[PDB]
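Coming up is one lone chain in structure tokens, specifically the form deposited in one PDB entry.
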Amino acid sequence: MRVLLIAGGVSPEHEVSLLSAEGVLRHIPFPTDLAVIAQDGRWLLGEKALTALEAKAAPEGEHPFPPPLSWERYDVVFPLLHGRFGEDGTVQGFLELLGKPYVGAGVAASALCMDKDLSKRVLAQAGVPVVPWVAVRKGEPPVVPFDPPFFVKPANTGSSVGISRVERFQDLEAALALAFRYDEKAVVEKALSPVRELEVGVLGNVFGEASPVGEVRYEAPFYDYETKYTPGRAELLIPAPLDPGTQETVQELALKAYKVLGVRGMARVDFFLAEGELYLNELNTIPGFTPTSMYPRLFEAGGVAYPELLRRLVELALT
């Protein structure tokens, strides 16, 4: 059994993708080779790929797509790419054409989960609670059924740019103009405040196993009398401090959504908890595999050791 690991990509998550690849290479219980997509879109194979990993960034590759890779040597391909040309179904489609089994969501599920508007429409149709929202396309006069405050953001799941929290309708046009520079479609989500962020891992094909629930907390940077500067931190609470009832609901909601969307290998499902109400925010078809990443840490706490997690992901690709 030989595995082909693909990491990097042209997206802003290039480096974090390499960091994940590092962790996967160090513990995957199968003979594995690495292939890297440089920030310029060209690929690096063999020793050049490993060298780039060691460098934490591959600005330039050697081979324009499609890479001269001996696909026949691999039983399963593990695409560890994030966002654009990563979780959007494009690489998944390429692998479908090559006839290669691969880890993670398929084409439809990947593309759908990457669209904040379309995946919510599907989830809402299936009875899964989501934050009230509306989709706006460039050129369309915005029609928002709810009052501010709300968040305006490009429709690409996980984006960290083009976001604006607006408190007045007179500020909507400016928020939309900003969001439209990143995606031709944006979504306007009713702002809930305060809220808690909860995340849960899922493992399996369509019908999965849920990990324990984790929570993300933010601690702002500050200047300490003796320690001087102390950096801000995103703290991971594992398991999340929740009453039994809420924990079970998020886990069930995550499993149901996963099932409806037909997700296949893994997923970290993010939720907003506010006023005692749960809302499924986003599904990440390709989570992090860094020793600091929520997904592997959650399953670890769920009795699934990292090496074992990677083993099961590879095996699931062959269904």
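In this text, the rigid core denotes the largest set of C-alpha atoms whose superposition between the two forms falls within 1.5 Å. In case it trips you up, residue 1 is the first one in the sequence shown, and so on.
Another form, the form deposited in another entry, is not on view; read the next lines as being about it.
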| property | result |
| --- | --- |
| Listed options 248, 140, 75, 96; Cα moving by 2 angstroms or more between the shown form and the other one (core superposition) | 140 |
| Threshold 2 Å Cα movement between the shown form and the other one for residue 129, core superposed | no |
| Rigid core superposed: residue 157 CA moves 2 Å or more between the shown form and the other one | yes |
| Post core alignment: residue 231 C-alpha displaced by 2 Å or more between the shown form and the other one | yes |
